[PDB]
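**Q** Pasting an experimental structure with its sequence.
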Amino acid sequence: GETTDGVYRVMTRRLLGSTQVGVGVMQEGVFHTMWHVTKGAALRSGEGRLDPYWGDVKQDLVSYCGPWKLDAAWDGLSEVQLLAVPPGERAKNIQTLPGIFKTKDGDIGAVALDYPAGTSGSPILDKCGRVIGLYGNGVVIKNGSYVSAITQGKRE
Amino acid sequence: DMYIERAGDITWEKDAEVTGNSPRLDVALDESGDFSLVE
Ligand SMILES: NCc1cccc(NC(=O)c2cc(Cl)cc(NC(=O)OCc3ccccc3)c2)c1
């Protein structure tokens, strides 16, 4: 099916109507999304099939047709944009300055934007349009708001 | 069965809506890929 670079919606027809379970990025012939969106299952694109290639539940990431291609990183200082693709709504760029997730294994960028759970997998971009990670795995803080990690994979 | 549908190009947009704050939080990541607040 379609292998043009860009952002895509991940849909399912098992529930009522067509429901958006998440979002992904197609780059260099490889489709990149979050593991919790597809659970590693195969994807359809037109009449074509996208089979899983690499995945990891702890990183909450999965790639299709080939290895993880996204290697850009947040520089730690600059503002970024979330290219939010919410269910049933148009793709929209939202500019924000990331916070920080302080872990025992290092610090990770974090974006404090609130969107429906079906927006998981929407890419976070740098000022050059490069994908520095995906939105959709994070935490719920005191005020019920959501803070997602800037989740990036490794390019071998 | 799941399927994909194109939603747009991946580009930075000048004059986009600026929102969101920058919190610094102590977090932990379990074997299941779930984040939690360290308190
Ligand atoms: N560890 C992987 C994983 C598994 C399952 C799910 C997830 N991800 C999420 O739950 C998720 C992802 C996104 Cl993009 C946004 C939110 N938002 C959120 O919880 O907002 C608060 C809220 C809730 C309900 C009504 C109104 C407000 C959650 C990760």
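**A** Arrived safely. Numbering: from 1, shown residues only, chains lettered A, B, ... in the order given.

**Q** can you tell me which residue is nearest the centre of chain A?
**A** Chain A has residue A:121 as the residue nearest its centroid, 2.3 Å off, counting by Cα atoms, centre = their mean.

**Q** Who's the closest spatial neighbour of that one, skipping the chain neighbours?
**A** residue A:23 (3.7 Å; Cβ to Cβ, 6 or more residues apart in numbering or on different chains). For the C-beta atoms, the positions are set from N, CA and C on the backbone; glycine is no exception.

**Q** Can you classify the one you found as helix, strand or coil?
**A** Secondary structure assignment for residue A:23 (DSSP: H, G, I helix; E, B strand; the rest coil): strand.

**Q** Report how many residues lie close to it.
**A** Other residues near residue A:23 come to 30 when the count uses other Cβ atoms under 10 Å in any protein chain shown.

**Q** show me the contacts for it.
**A** Counting by Cβ atoms under 8 Å, 6 or more residues apart in numbering or on different chains, residue A:23 touches A:7-10, A:33, A:37, A:85, A:119-123, B:7.

**Q** go with 6 Å
**A** By Cβ atoms under 6 Å, 6 or more residues apart in numbering or on different chains, residue A:23 lies in contact with A:9, A:85, A:121, A:122.

**Q** Please give the element, helix or strand, for the third one.
**A** When you say that, I think you mean residue A:121. With elements taken from DSSP states H and E, nothing contains residue A:121; it lies in neither a helix nor a strand.

**Q** Ramachandran angles for residue A:30?
**A** Per-residue torsions, residue A:30: phi -110, psi 130 (degrees, to the nearest 10).

**Q** Apart from its neighbours in sequence, what residue is nearest it?
**A** Counting by Cβ to Cβ, 6+ apart, residue A:30 lies nearest to residue A:66, which is 4.1 Å off, once chain neighbours are set aside.

**Q** how many neighbours does the one you found have?
**A** Taking other Cβ under 10 Å as the criterion, the count of residues near residue A:66 is 14.

**Q** Correct me if wrong: it contacts residue A:54.
**A** No - checked against Cβ atoms under 6 Å, the pair residue A:66 and residue A:54 is beyond contact range at 8.3 Å.
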